[PDB]
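Protein chains in written order, with our numbering: chain V, 37 to 447; chain B, 37 to 447; chain E, 37 to 447. Just so it is clear, CB atoms sit at the ideal spot from N, CA and C, and this is done for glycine as well.
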Amino acid sequence: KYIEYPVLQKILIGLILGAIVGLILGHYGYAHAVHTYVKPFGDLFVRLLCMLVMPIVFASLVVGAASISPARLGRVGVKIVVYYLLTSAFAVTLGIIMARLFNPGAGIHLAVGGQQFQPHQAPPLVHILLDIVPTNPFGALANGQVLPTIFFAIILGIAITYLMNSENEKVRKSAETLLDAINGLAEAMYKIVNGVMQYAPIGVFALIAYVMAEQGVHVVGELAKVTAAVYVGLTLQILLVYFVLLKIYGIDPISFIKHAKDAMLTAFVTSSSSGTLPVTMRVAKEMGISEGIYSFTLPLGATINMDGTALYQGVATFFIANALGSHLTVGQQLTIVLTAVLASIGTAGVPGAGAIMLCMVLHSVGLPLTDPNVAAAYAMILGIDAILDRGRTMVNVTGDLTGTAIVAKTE
Amino acid sequence: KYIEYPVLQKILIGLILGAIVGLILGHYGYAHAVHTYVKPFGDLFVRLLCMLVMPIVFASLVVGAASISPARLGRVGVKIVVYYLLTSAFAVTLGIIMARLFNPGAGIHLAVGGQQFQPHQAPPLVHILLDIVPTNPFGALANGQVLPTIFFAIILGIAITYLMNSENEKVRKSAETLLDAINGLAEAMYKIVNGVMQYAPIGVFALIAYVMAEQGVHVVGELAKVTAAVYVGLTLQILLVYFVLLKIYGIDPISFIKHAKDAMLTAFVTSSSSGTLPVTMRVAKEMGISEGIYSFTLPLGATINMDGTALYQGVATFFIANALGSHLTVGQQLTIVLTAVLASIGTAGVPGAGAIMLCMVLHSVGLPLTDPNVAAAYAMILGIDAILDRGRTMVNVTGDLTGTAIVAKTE
Amino acid sequence: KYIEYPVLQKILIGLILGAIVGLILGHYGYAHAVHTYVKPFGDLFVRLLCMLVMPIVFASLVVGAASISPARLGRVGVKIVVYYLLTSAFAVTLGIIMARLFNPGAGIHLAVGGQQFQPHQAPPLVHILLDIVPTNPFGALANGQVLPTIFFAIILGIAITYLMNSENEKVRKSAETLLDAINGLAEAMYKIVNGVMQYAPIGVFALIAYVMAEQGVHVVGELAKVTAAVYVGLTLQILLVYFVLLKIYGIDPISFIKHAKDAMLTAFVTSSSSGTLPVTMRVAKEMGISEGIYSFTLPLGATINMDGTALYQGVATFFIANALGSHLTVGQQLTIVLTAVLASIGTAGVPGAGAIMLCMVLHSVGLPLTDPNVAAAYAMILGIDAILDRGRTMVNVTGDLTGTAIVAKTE
Ligand SMILES: N[C@@H](CC(=O)O)C(=O)O
Ligand SMILES: N[C@@H](CC(=O)O)C(=O)O
Ligand SMILES: N[C@@H](CC(=O)O)C(=O)O
Ligand code: NA
Ligand code: NA
Ligand code: NA
Ligand code: NA
Ligand code: NA
Ligand code: NA
């Protein structure tokens, strides 16, 4: 098969090349030949992605919850946890504000079938709150229904950790083997993630080629406007979150960045925050950080605290909804700030990662990707994912080193 | 949050306090204000309970089945197992007879929506027997359908133990790893049980507060009549089961009870038969029981043979059905004696425990808690659970010490 | 219960005895007393079998996929794997040709309820290909839907093995515990297989007794015609596959068979390819095979490469379809060759085994066992399973030793 190129560029080749192949078929031989012979491969891609969502949403958050489960962390760790959380929970809100001064999508509106998308009425507040609790975890998990799966997963991991403290040894052992299996379910799903990302050049080619064949040249303006909102969201994250909470603790932010240079760029290119752990810890020592702290937080911030992804997912959600012509009620809107945090925690730190967990923040707020409108819109961001992914990863790692430095000053 | 009180009293505070708050709103401001702002919290409680049912029904009985799976028990254990079973199977039957000379519920009848509850016709005997076998374990387990889940679980655990006897070591190896995960699934669910029981003060408050707000003071008579049927069932259990099968084997029952004093009272207050194992074994030695016998049976009787719970579940089932105006056919009636035994086996030995497993003996015999009538009735018993749980636990432990004594005499 | 006889004969007693009991009730006291009092036990049997299908289809193929998962096998193994596959993929195709020059079924036509079976239209090619990918593995697995379950299972096991190669040791470990759990799920399901095969004498008795009571005697002609197609398919397999690819590599096939004597007959009688592994390796040395080769391939060919089962399954599928009056389109027909290979890989190597995986190759090609027509036909093959199983097993083992010999010559 000989297909050995570096996935990042590889995909970008799919993206640019497929874009041109889309536009030149915008005129000339009509897009209907694309939708018949090109779209299928893109659909295969999308299917393989919103395939992984449910397993990784479950196991990932049983792990993640076990990773934060109080009490199962030194008071050094409570600090870095709370920091990590409020950095994701601010970063997503920022992504909303970027989705406010920018309207990504708005002006691209589509109805696929001459049938515009319309949301089902939100049940009573009582019934939606009660509905986050599953009635039969197996059931809820089985057929979509993401939020119950979340709640159960978190509850599970947390309980598991409290099994590991038990007097009995059969009990603690059992907790170990189980949690250890759930982890590994997740990790295997991430191996699958990578495997799909090898198909990403083709799938992207087909998706953006199809989207370019239709919709004319509207999309480029919008997609670039989204990339705008995202990145200027990220650097606003850095210059307003990190640079501000660095001076408050007496850290020189400039030199901080000069030390983080290698880790930030390495994450920027590899886009595997987990694969950019050795360089992040090399940068950990290089700036005088205690062994016992950077050995604890950086491998936690590897999988937890990906606040750049939280931002990305907020922005992406507003792009989807605006592309469909829906206005996001200030209840699902804060269900974004709430959800994209947990989706950030669940995100792998791998080339694909956050886009898959986008499915999760979209199965919430009622935008199922079984609906043609949504699936079509999701495919668009998914096409330009390769672009956003790099800087997003960069901010995911910048968060880790930042938090480590702040908790390090106080201990 | 500061909420640190002892859960038992804590809950009793919720129960009494919420009762009064119910009755004073029985007059005055109509109950409709309760149902809007108070009932939601109780509903959250009930949902959290009938949530755990399916996972614990599966894993719990895979465990339990492995715990009794012949041949994986010494003939020292065969005796104590047979005893345990016939004690649960008599105790439930006794609970039915207590639900015969007492009619708990009967005279409380309700139709919630002015629509009285009515059972779907019982299919052919052939088809109901065949239906205990699931057609696709995953499916049956997933969306309710309790009995198949049981049969599969039991078959599974039993098979697992026969893997542990296999010549091969990869086989006998893996066989544990599973069983060890399934256990731990169960045990984690019990940690969750505890966690919900920390919400129990509120949920109970809301439930009996709502029930008192409507239904007037009818309920107090009935609920107390149920408590009656239960407890006099328990003491009839002791004085007719235990006291008789103690004299048949030459044990002095009076002094027996004086030794069991500490264990029975400890169980009575902690209401955690599992948490009352150290005192049960202290009382085991204190009355001259062999190390090799009381080290085997008492930690089995901790989770298995909770025949006071079996009685409770018989009575409770008749309370539910009688509260709805349904008469229990002597076909579902013996499905109670058959089921509530298995539900006793699956019960944890934890504060909540049996209250959750009622869901199981009610998804059997066809009283799903998805039907408003049933959920309303279940909420009532569920409110006064804290009361019955104590003496019930007491009988669960008294059974354990009794059986240990008899198998010890014969060995 | 005293039921201790050797299962093989035992079942044949059920088969012959029940056959006569069927025909004498063909006249005389009409079959309706059978269908009322005899059929239920057969139905119980069938339910217990198509029960195991989904768990073993999942776990079996996660294991099985891990068993072949490249790269985690030496190039010594690549050879024997490719051989194993193309032997199964030729053997099933041969079973189709045997189902062509014989028309088994055709002329037995039945509509059980005076309603002949008719297939739902096959969706677009695009949509069936996309549909092999599951949308929510949990869901697809839960309610039937075989092929998605397969695709996910294979992807999973393969990914798991790539976890076992990971730099990290927590990862490497977790992968082990998980994969190790899925194995053991499968193996336990095979213990259940055996246990059901202890009920086989009765269930078979009831099945062929019912089938003989109706349909007159024409069934005997058809069933024996199936046995014909099967066995002469097997010996055509040997004399055209094995004997030819033995001469191509300079192996003396006659003496080869004289050495394989003990293994072939032992497999023929025990019908447990897995239980006939020690004798297969005894014959491995007895004909001068390298320790490092026959210790690797023969324990793989135990569970993988059961090409006699693949043939059996092709023939059985054509028997079903022809018994219903359906002609197998050359697309589901090659879905047979594609599927029955995987079902062969998943097959246990146990007395029951392949018949259960027949459920799988029948939920593919769209012949679900929820439709009475199919279930009635499947029950027929299932009745005469005991006969085909022996020679089938024999060919399953002959394939293993053959492959071992050839790869041994080339290395
Ligand atoms: N690739 C990002 C995560 C994402 O794509 O959302 C990371 O490595 O952190
Ligand atoms: N709590 C009881 C069981 C139950 O609540 O049903 C025990 O410890 O035995
Ligand atoms: N019994 C066969 C498998 C089957 O029945 O399909 C074997 O041992 O290989
Ligand atoms: Na994450
Ligand atoms: Na991060
Ligand atoms: Na038990
Ligand atoms: Na007990
Ligand atoms: Na197989
Ligand atoms: Na074989």
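- Between B/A352 and B/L394, the C-beta spacing is below 7 Å.
- Contact with chain B is found for E/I228, since one of that chain's Cβ atoms lies less than 7 Å from the residue's Cβ.
- Each of B/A412, B/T213, B/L347 and B/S331 was checked against the Cα of B/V112, and the nearest Cα belongs to B/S331.
- Under the Cβ criterion of 7 Å, B/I190 is not counted among the residues facing chain E.
- The contact set of E/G350 on chain V, defined by CB atoms closer than 8 Å, is empty, because the minimum CB distance reaches about 29 Å.
- Against chain B, a Cβ distance below 7 Å from V/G175 picks out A178 and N179.
- Exclusion of the five residues before and after V/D407 leaves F153 as the residues of its chain whose Cβ lies within less than 8 Å of its Cβ.
- Identification of residues in the region 86–103 of chain B having a C-beta nearer than 7 Å to some C-beta of chain V yields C86, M87, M90 and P91, given in sequence order.
- Just so you know, the alpha carbons of E/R426 and E/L177 end up roughly 32 Å apart.
- Here the alpha carbon of B/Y278 sits roughly 12 Å from the alpha carbon of B/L122.
- For B/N219, the chain V residues whose C-beta falls within less than 7 Å of its own C-beta are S210, listed in chain order.
- Counting C-beta pairs with one atom in each stretch, the region 218–233 of chain E and the region 440–447 of chain B have fewer than three that are closer than 8 Å, which means they do not touch.
- Inclusion of E/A249 and E/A67 in the CB contact set at 7 Å is warranted, their separation being smaller than that value.
- Check the Cα spacing between B/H156 and each of B/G311, B/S362 and B/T446: the tightest is with B/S362.
- V/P387 does not reach chain B, its nearest Cβ partner there being about 31 Å away, counting only Cβ pairs nearer than 8 Å.
- Counting only Cβ-Cβ distances below 8 Å, V/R83 has contacts in chain E at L166, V169 and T171, in chain order.
- With a threshold of 7 Å between beta carbons, B/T213 makes contact with chain E.
- About 26 Å separates the CB atoms of V/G367 and V/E258; that is not less than 8 Å, and the two are not in contact.
- Positions of the alpha helix (DSSP H) runs, each at least 4 residues long and wholly inside the region 69–113 of chain B, are given as 75–104 in order along the chain.
- The nearest non-hydrogen atom of ligand 6 is less than 6 Å from the C-beta of B/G100.
- Inclusion of E/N432 in the 6 Å shell around ligand 3 follows from its C-beta lying nearer than that to a non-hydrogen atom of the ligand.
- Boundaries of the alpha helix (DSSP H) around V/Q45: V43 to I60.
- Between the alpha carbons of V/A147 and B/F354 lies a distance of about 56 Å.
- Taking a Cβ-Cβ cut-off of 8 Å, the neighbours of B/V207 in chain E comprise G220 and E223, given in sequence order.
- Between the region 405–419 of chain V and the region 313–330 of chain V there are fewer than three C-beta pairs closer than 8 Å, too few to call the two in contact.
- Exposure of V/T271 is indicated by the presence of fewer than 16 other C-beta atoms within 10 angstroms of its C-beta.
- Think of a sphere of 9 Å around the beta carbon of B/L199: the chain E residues whose beta carbon falls inside it are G220, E223, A224 and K227, in chain order.
- The C-beta of E/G175 has 16 or more other C-beta atoms within 10 Å across all chains shown, which makes the residue buried.
- Taken through DSSP and simplified to helix, strand or coil, V/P387 comes out as coil.
- V/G324 sits in coil when the DSSP states are folded into three classes, being neither helix nor strand.
- Taken through DSSP and simplified to helix, strand or coil, V/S124 comes out as helix.
- For B/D79, a Cβ of chain V is located within less than 7 Å of the residue's own Cβ.
- DSSP places B/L334 in the helix class (H, G or I) of the three-state scheme.
- Contact between B/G131 and B/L405 fails: their C-beta atoms lie close to 20 Å from each other, not under 8 Å.
- Distance from the Cα of B/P106 is smallest, within the candidate group B/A195, B/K321 and B/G141, for B/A195.
- One finds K209, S210 and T213 in chain V with Cβ atoms closer than 7 Å to the Cβ of B/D216, taken in chain order.
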